[PDB]
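Engineer: Curious how this folds, go ahead:
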Amino acid sequence: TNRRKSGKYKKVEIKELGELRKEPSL
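Structural biologist: Residues are numbered from 1 along each chain as shown. Dropping the coordinates below:
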């Protein structure tokens with residue numbers, strides 16, 4: 001498996017999983 005906890009992911013993964021479709025706003 002791939003451990004996404006590598007760390008860039010706080011920005012990277014959250015951004016691409018969501019900002020392409022909804023606001024990156026909280």
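
Engineer: Tell me where the protein has helices.
Structural biologist: Assigned by DSSP state H, the helices in the chain fall at 9-14.

Engineer: mind pulling up the phi and psi values for residue 21?
Structural biologist: phi -110, psi -40 (degrees, to the nearest 10).

Engineer: how close does it sit to residue 5?
Structural biologist: 24 Å (C-beta to C-beta, to the nearest Å). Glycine gets a C-beta too; all of them are placed from N, C-alpha and C.

Engineer: What does residue 2 show for phi and psi?
Structural biologist: phi -120, psi 120.

Engineer: can you count the residues close to it?
Structural biologist: Neighbours of residue 2 under the rule other C-beta atoms under 10 Å: 5.

Engineer: Please name the residues that touch it.
Structural biologist: Residues near residue 2 by C-beta atoms under 8 Å, 6 or more residues apart in numbering: none.

Engineer: Please apply the same query to residue 23.
Structural biologist: Residues counted as contacts of residue 23 (C-beta under 8 Å, 6+ apart): none.

Engineer: measure it to residue 10 for me?
Structural biologist: 17 Å.
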